[PDB]
Structure formats: structure tokens, C-alpha cells
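Trainee: Below you'll find the sequence and an experimental structure to go with it.
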Amino acid sequence: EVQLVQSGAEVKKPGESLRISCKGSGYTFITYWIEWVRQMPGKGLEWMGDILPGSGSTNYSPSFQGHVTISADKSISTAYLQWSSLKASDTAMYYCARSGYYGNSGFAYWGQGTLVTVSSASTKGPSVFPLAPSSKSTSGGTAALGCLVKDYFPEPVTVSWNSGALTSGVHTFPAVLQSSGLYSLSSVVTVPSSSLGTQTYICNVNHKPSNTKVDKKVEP
Amino acid sequence: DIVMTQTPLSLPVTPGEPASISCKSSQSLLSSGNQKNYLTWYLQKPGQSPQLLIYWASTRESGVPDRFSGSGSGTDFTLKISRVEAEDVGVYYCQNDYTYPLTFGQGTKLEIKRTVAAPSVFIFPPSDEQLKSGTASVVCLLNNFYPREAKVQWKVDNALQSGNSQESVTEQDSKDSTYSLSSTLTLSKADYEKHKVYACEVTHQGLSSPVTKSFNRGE
């Protein structure tokens, strides 16, 4: 089977250099084009450029030319995408793909993607605050409650409820990048209003990059 | 660059019904050499790498179900799904594969169409724990609504806010095909305590009139 394996997630400061890699197996690497595609958080796909590893022949989107260099080492079946000086705007998922010339028959095989985060922020564990159920969060016998998971870097956090016992009616929101450059999300759950003063509701928050683990009891 | 424009931007589909996505190129993708249209379709499922569906405008990639078909010529192309499955949800992209640069369309989100559901609107004042630390996050929750489109405006003592709130929306719920939305208003403790009434104004298809969920600070 044909496989493209990309290098691991990167967290970098603005102005730093970076090289990410795409290694091809299960085919003759020199004979197919390696394509590079950018996807900014929550945005569409952007074609960056390509390379034929056998010859080192390249094509660039004029939108990316000058800021990135695409190269290949045919001896180790690897293609590269590199920056001399990263910008915050380089924060994106980067895919490599295998293709013919012009991508004429489409990009048939894709790498798993490399997440690149470019930020002045340092590794930080979140604070966890209750989103307390009240008359302002109750409608029709059901009450909403949650946890606000604020001020962490980098992504991601995971949230469970009652150590995984409560899964029904749970909505954990995608993270947003705050004005501060730190991430935040909320996790919410709808529960019976009658259980508010009797049943215990605890959110369990794990932030692996900082080894922060927080359990917060959510009460009215 | 060749510009690739997709219509529609959002496509609600009832599973089982046909769906069509149009892609318009700003220049012709039809080769004089072989009369092939060099247009490609991809699907990107939530949290996954993109997958090849169709190339040369009408040729299915091996492994792609026969419900997917492509047609069109020159500058106008159509991806058709004859009978939409639940696993077809995600973002569909067309691509110019005729000439460099190999530009993508902006994408079309295929989502499950269901009956309109108005949001259950809830408001959360900041916790005492957070206020003690010096910050006030005020959370407005719009729960279990359809469709995705919603307008949320913050009013503090009847004064419209701007630039101090952020929105997050969940991916379409696997069970009930609804969305949830959070709008979080961030103020410093001092700014928060200057004001009385905190109001979340909500506009949605399921609501006959704009709806205001509010609280008085300290109640």
C-alpha cells in the first residue's frame, strides 16, 4: 500500500526557522509529484506548491513563493517544506499529497497532516471555571451546566464528565484563540433540573502539553 | 490564477435525496490536446485528510461509490451524489488541475437537513472564582438548534458591544443533527462591575422575533 507519512506537530515562535517532511513508501518516490497544501484553522484548502523528487523540479503558487522553499532528498524518499522566518499567519495544518504532473488525475494519496502553531505564547495549563446551572439556564425540566476551560497553550484539551459516566447531552466546543493568544473552550451538558442539588456533576479537564489535570464540581 | 467558485457554500441534504455541487472556473479547463476537462473533486470529512473523488471531471477514483458522478465542460462543472449517505457529510472541494497554480475552490459544506429547531438560550454569569482572579467571562449558550445560521449580539446596559466576544460552534450532532453555539463576552473585573444588565440577543430561523436572554450582575 502507498503511504505518505508526515513529520510531527510543531510549536514555534515568530521569526524561527522550520522544516517539515513528507516521506513516501510503497512506490517509486522519484516518479510522482509531492504536493503541499495549507489549511488555516477553520478555513479551506490552499495549494502551495509541488516537487518531482527525481529531478528537484518545482512549481510554486505566486502567493507562497519567497516565503517557503520546497525541496526533496531522493536518497531517503523524503520531500520537504521549509521556512526561513515564520509568521503567526503560518499557523495552519499542512498536508502533503502524491500526484501526477499538474495534479492531472487528482491528488490520490494524502499524508496525515502536520499541525504548525506559530505563537509568542509559552506552554500554559488552563484555569477551569464552573458554568453554574440556574433559572437562567433551565427550560422545560432540563438545565444546562458546564465548564469554561480558559487560558491554555498549546492545543489541545480534552473534557469528560463524571470520569466518563456522563456522555449524553454533552457538547464540548472547538477551541477559540483568544485576543491574548491563549486558547479557550467550554464544555456543556443538559441534565434534569430535579437532579441539580442531589446529583454531582464534575468536569474532568486534561491538558497534556503542560501536565495540567483539573476536576471541577459544577453546582447551582 | 484560475479562480474556482463553488455554489452553494452550504448544502443541507436529507439522507437519501440527490445532491449537486457546482464549480465555476474563471478560465477553461478543457484541453485542446485530448478534449479532457482537468477538473478534480475532493471530500474532506470532519477531522480527516482530504480524499480524491473524481478526476478529469467525470472519472471516479477507485473505491469511490458509484453514487458520485461528475459532469460539465470548459468552465462549468457539477458533482452529483445520486443518493446521499450520512457518511457523505463534510466539505467538498473542486480543483483546477489544468494549469499551475493548482487552485482549490472555497469549499461546499454538505450537512444533514432536518426540521427547524429554535435554540434553547441560556446565559451564565462569571463564576465567583473567576471574578476573584480579576476577569469576567459571560457565556451565552444556544443549544440544540437547526439550521446552523444564528446571530448573537451582546448588549450591556442596552449598549451594543463589539470586539469583546468570540463564538464557537459544534460540528453537527451525530444523533439529532443539531448545532450548539457559545458566545463568550470577556471583560476585566472592573469593567464588568461598572454595569448592571448583561444581555444576549439571539436571531434564528426557529424564532419568530429576536430573543433576549439577560441577567442583572450580582443576582
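Mentor: That came through, no problem. Residues are numbered from 1 along each chain as shown, chains lettered A, B, ... in the order given.

Trainee: Can you give the domain ranges for chain B?
Mentor: Following curated CATH domains, one finds the domains of chain B at B:1-113, B:114-219.

Trainee: and of these, who's closest to residue A:21?
Mentor: For these, proximity to residue A:21 was assessed by C-beta to C-beta; domain B:1-113 is nearest, at 16.1 Å. Every residue, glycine included, has its C-beta placed from N, CA and C.

Trainee: most centrally placed residue in chain B?
Mentor: residue B:109 (6.4 Å; C-alpha atoms, centre = their mean).

Trainee: re earlier: can you tell me which of the domains of chain B is nearest to residue A:181?
Mentor: Of the domains of chain B, nearest to residue A:181 by C-beta to C-beta is domain B:114-219, at 13.1 Å.

Trainee: Please list all residues in contact with residue A:94.
Mentor: A:6, A:20, A:36, A:37, A:38, A:39, A:48, A:81, A:113, A:114, A:115, A:116 (C-beta atoms under 8 Å, 6 or more residues apart in numbering or on different chains).

Trainee: again, but for residue A:207
Mentor: Counted by C-beta under 8 Å, 6+ apart, residue A:207 has contacts A:125, A:126, A:152, A:156, A:157, A:213.

Trainee: Show me just the buried residues among those residues.
Mentor: A:125, A:126, A:152, A:157 (16 or more other C-beta atoms under 10 Å in any protein chain shown).

Trainee: wait, isn't the first one in contact with residue A:210?
Mentor: Looking back up the chat, that one is residue A:125. Yes - judged on C-beta atoms under 8 Å, residue A:125 makes contact with residue A:210 at a distance of 3.9 Å.

Trainee: on that earlier part again, of the contacts of residue A:94, which are in range of chain B?
Mentor: Counting by C-beta under 8 Å from any C-beta of the partner chain, A:37, A:113 from the contacts of residue A:94 sit close to chain B.

Trainee: domain ranges for chain A?
Mentor: A:1-120, A:121-220.

Trainee: Return the distance of the residue nearest the centre of chain A relative to residue B:177.
Mentor: For chain A, residue A:115 is the residue whose C-alpha lies nearest the centre (C-alpha atoms, centre = their mean; 5.6 Å). Distance, residue A:115 to residue B:177, using C-beta to C-beta, to the nearest Å: 29 Å.

Trainee: and what of residue A:106?
Mentor: In terms of C-beta to C-beta, residue A:106 sits 30 Å off from residue B:177.

Trainee: Tell me which of these two has more neighbours.
Mentor: When residue A:106 and residue B:177 are compared for neighbours, residue A:106 comes out ahead with 24 against 20, by other C-beta atoms under 10 Å in any protein chain shown.

Trainee: Quick check: that one touching residue B:97?
Mentor: Yes - look at residue A:106 against residue B:97 with C-beta under 8 Å: they come within range, at 6.6 Å.

Trainee: coming back round to it: if we only consider the buried ones among the contacts of residue A:207, which is nearest to residue B:116?
Mentor: The closest of the buried ones among the contacts of residue A:207, once distances to residue B:116 are taken by C-beta to C-beta, is residue A:157, at 32.7 Å.

Trainee: Provide a list of residues in contact with the closest one.
Mentor: Residues near residue A:157 by C-beta under 8 Å, 6+ apart: A:126, A:149, A:175, A:183, A:185, A:205, A:206, A:207.

Trainee: Show me these that map onto strands.
Mentor: A:149, A:183, A:185, A:205, A:206, A:207 (DSSP state E).

Trainee: Most neighbours among these, please name it.
Mentor: residue A:149 (28 neighbours).

Trainee: Residue most distant from the centroid, the chain?
Mentor: By default, I'm working from chain A. Furthest out from the centre of chain A (C-alpha atoms, centre = their mean) sits residue A:194, at 38.4 Å.

Trainee: I was after chain B.
Mentor: residue B:33 (39.4 Å).
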